[PDB]
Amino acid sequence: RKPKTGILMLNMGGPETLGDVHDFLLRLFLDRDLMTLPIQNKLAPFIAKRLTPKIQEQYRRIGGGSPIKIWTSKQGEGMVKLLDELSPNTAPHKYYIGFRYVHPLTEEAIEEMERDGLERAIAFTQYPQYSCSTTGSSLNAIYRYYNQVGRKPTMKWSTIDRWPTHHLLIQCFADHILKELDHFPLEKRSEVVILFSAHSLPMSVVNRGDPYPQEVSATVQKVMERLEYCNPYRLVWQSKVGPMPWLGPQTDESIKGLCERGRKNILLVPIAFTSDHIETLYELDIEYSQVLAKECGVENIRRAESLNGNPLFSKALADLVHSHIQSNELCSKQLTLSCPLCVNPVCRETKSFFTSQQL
């Protein structure tokens, strides 16, 4: 039977092999929604070639590439198997992967969805918490695609544009935290500090009204509420690059600071990610948990397992799509409000693209 409903899973993506690193970095630094550097179409290629060896070396240290596509695929397969049973009037369902910076690109996925002749298309961001830098840029690419080709879509579009507090997402995080708490020495379990580590944002993005920090904070609160506040916690921020101000405190300085103040039993939680990638496998697990932690005299530092192949996460994705379909929603209420200090004209056009869709 031909596919009736397409679920486009949106992520920035990462290079699968060392050979993919250069083009990954090229697309990243060309992303005007992320950064407006001068002589962009010529300054970004210089940055890409200069940083490729360093970034190749990071991926070599975690096994040669990013696992994002593998995990996204497994999660999508499970989502589809459930949806075909959950929602037979919109079946058969097909998942598509739309990466921002590597193949398959969002634009290639849209071409395939259209070639498949879908009736309905769901832009399903894989970022639970919305940032203009993540979900916003992915959604812009969908709007831009139809604007560049100059023709209108042959499928009815809608988006699941955020889901920071979905009860099954929360249950997954709480399950992985408890599982990891069990791996500390029993005499130190109560002593463990839970560091929720989310990707940071430049302060210039925070200060123009990006909803990401507040939504990440809501995920943290719902998790800790499900855990009945069993351990103390803090929300800290990782992966800052460059010389500009970013939202802190930084994860690495917070680890170092806890250690120097007698808190040497630490549980890291990647609260803004749904699978492993360079920011967990390299930044948290190598740079912080092995190098920094040893330098500071950590007793035990562990990290909750990424959601990856947990079947409850696939259930969460299918439940989100099912509710989205039954409610006839085109987007969240939050998407109808663009950032108060937004300077990009595309954001309003992308918003209107989804709110005006024929049902």
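A residue's number is simply how far along the shown sequence it sits, counting from 1.
Enquirer: Higher mean Cα B-factor in the deposited model: 246-254 or 149-157?
Expert: Averaging CA B-factors over each stretch, the winner is 149-157.
Enquirer: Tell me which of 64-72 and 39-47 has the higher mean C-alpha B-factor in the deposited entry.
Expert: It is 39-47.
Enquirer: Highest Cα temperature factor in the entry, among the options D276, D182, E108, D210: which one is it?
Expert: Going by the entry's C-alpha B-factors, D182 comes out highest.
Enquirer: Using the entry's values, work out which of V321, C331, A304, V298 has the largest Cα B factor.
Expert: Answer for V321, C331, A304, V298: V298, with the highest C-alpha B-factor.
Enquirer: Taking the entry's C-alpha B-factors for this chain, is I271 in the lowest, middle or highest third?
Expert: CA B-factor rank for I271: lowest third.
Enquirer: Using only modelled residues of the chain, where does the Cα B factor of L28 rank: lowest third, middle third or highest third?
Expert: It falls in the middle third of the chain.
Enquirer: Relative to the other modelled residues in the chain, which third contains the C-alpha temperature factor of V216: lowest, middle or highest?
Expert: CA B-factor rank for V216: lowest third.
Enquirer: Would you mind ranking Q326 by its C-alpha B-factor against the rest of the chain and naming the third, lowest, middle or highest?
Expert: Answer is highest: the recorded C-alpha B-factor places it there.
Enquirer: Classify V291 as lowest, middle or highest third according to the C-alpha B-factor given in the PDB entry, relative to its own chain.
Expert: Ranked within chain, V291 CA B lands in the highest tercile.
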